[PDB]
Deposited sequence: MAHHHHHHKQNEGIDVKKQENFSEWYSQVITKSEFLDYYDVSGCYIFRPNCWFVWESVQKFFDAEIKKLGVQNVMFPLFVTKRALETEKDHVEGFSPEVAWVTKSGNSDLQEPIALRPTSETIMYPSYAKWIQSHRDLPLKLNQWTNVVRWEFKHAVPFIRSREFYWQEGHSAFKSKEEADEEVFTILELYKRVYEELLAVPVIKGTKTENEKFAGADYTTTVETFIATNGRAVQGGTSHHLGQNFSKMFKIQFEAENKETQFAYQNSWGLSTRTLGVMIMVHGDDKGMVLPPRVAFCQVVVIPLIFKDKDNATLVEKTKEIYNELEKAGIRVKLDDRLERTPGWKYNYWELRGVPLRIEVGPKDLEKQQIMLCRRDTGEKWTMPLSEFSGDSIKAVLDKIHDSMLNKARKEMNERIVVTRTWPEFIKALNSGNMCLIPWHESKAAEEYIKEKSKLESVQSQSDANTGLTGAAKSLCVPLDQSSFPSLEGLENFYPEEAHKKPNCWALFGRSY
């Protein structure tokens, strides 16, 4: 019917109601797996089409590798298998007959693809090799599952590239990272912070991991929104991906891998949804505009149909709801997230105008028919997009606090902020901060029931350090390493 708990009253219950009552998602009888209904899958198809077109400009090609991976392949890279083992699902029988060797469901495809890379790459003329696939992924998550954010089966693209040099590899890492920033900001109207993961948080077998971090204002938590890894020669040495180089010597290839998943949808909903339900960014909205005739009515009906037809020919995803009272119809499409409603009533036609209502702010205003067109409606949709992004970015920036000392850090953390702290890289320092922040923290009942914690973890070391204050005289948060002077700022906070 409608949403009966406010977003700030019970966040996880609000989330469940919004994603199901909007017809985005349904629950399923396999734990941690969910059903993507049409309006929801439309968002992921929209991301696919945009991202596919951008990586084609880079020479990346789509492929499909198998779902299954052998134990022998999985166990090839030391760091990788150790970091993924407990989350690997194993097929052990077919029908009633046991397999000779159990085989695993892919948690990620490095060990599935790279034996082929070693065969296909023989010369520098075979490089760069840049492949991508849109697939499903299985990770038997131990943490509490969260729709979209953390599902046991999820959908992604994973790109895997091999290069003759580190310089080419580095360039791709940040090129893809910019593309992930563009998916979030230009399609989903979600602002991001680009950064590098600390040593403790980076991908197993990577030399370094970059990330686009996102912020959930309601409970003050970050979400790792997508990652782009430089694997160096770590995987090519273990899988023997070698090539006859320019210096006539045999060299190991430099590799990257990068992935973006349906976690995007959860961030979009958690950022933009409100107490009336979904609020869809126009460029991924299954329906961008709904036209509602307010109901002698013959003329009004024909003008209503012409408005619909003009928008449809312009390529706007438009619906005509000529079914029920206006108020009931209004709630119907508001719950489902439609960005713009056009109301055509008799009083409006007398003044040669229509009434518009934008979902993100609820503002209502009139537009003269002389100003109505496919292009002017598109401009309204772009204005909504910009407002949604600008609002979220302003809130995010206000909720990032420079905390030079521990008391500032704990205060900002417990009031739902992310923190920029003086940082000197150390696994021991990161663990110290995680433990001490947890001990001095408090979180909502909803977060506690969701299996979340009040601990602060490292989110990223932001790429752009230019707006941050001076590090002079600042002390390490970890007293045992007081002599290791902070040499950058790191973003820490609570997370999913």
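Asker: Taking the deposited sequence as numbered from 1, list the residue ranges that were left without C-alpha coordinates.
Answerer: Gaps vs deposited seq, in order: 1-11, 307-310, 339-340.
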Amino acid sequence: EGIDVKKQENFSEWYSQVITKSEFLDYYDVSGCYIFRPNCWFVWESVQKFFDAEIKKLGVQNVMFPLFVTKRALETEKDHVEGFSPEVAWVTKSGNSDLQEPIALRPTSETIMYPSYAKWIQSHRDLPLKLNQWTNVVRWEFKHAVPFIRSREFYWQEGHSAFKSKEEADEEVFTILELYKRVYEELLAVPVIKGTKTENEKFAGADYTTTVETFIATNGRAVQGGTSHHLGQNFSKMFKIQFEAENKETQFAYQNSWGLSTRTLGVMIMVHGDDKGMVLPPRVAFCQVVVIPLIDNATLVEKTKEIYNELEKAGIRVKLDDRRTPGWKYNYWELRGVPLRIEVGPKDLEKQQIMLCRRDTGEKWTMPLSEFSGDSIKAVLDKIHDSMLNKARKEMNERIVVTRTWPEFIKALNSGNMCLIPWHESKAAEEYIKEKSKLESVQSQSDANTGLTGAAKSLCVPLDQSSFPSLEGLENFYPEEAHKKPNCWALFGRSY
From here on, numbers count along this sequence of modelled residues.
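Asker: Given the B-factors recorded for C-alpha atoms, which segment has the greater mean, 22-30 or 450-458?
Answerer: That would be 450-458.
Asker: Averaging CA B factors per stretch from the PDB record, which one is higher: 347-355 or 250-258?
Answerer: So the stretch with the higher mean C-alpha B-factor is 347-355.
Asker: Quick one: which of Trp333, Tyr184, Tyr155, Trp140 has the biggest Cα B-factor according to the entry?
Answerer: That would be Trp140, according to the entry.
Asker: Of the choices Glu213, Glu82, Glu201, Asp386, which one's C-alpha carries the largest B-factor in the record?
Answerer: Across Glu213, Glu82, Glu201, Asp386, the entry lists the biggest C-alpha B-factor for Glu82.
Asker: Grab the CA temperature factor for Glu178 from the record and place it in the lowest, middle or highest third of its chain.
Answerer: Lowest third - that is where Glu178 ends up once the chain's C-alpha B-factors are sorted.
Asker: So where's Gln133 on the chain's Cα temperature factor ranking, which third?
Answerer: According to the entry, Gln133 has a C-alpha B-factor in the chain's lowest third.
Asker: State the tercile, meaning the lowest, middle or highest third, of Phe286 with respect to the CA B-factors recorded for its chain.
Answerer: As the PDB entry reports it, the C-alpha B-factor of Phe286 lands in the lowest third of its chain.
Asker: Could you say whether, by C-alpha temperature factor, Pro469 belongs to the lowest, middle or highest third of its chain?
Answerer: For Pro469, whose C-alpha B-factor we compare with every modelled residue in the chain, the answer is the highest third.
Asker: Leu127: which third of its chain by C-alpha temperature factor?
Answerer: Its C-alpha B-factor belongs to the middle third of this chain's values.
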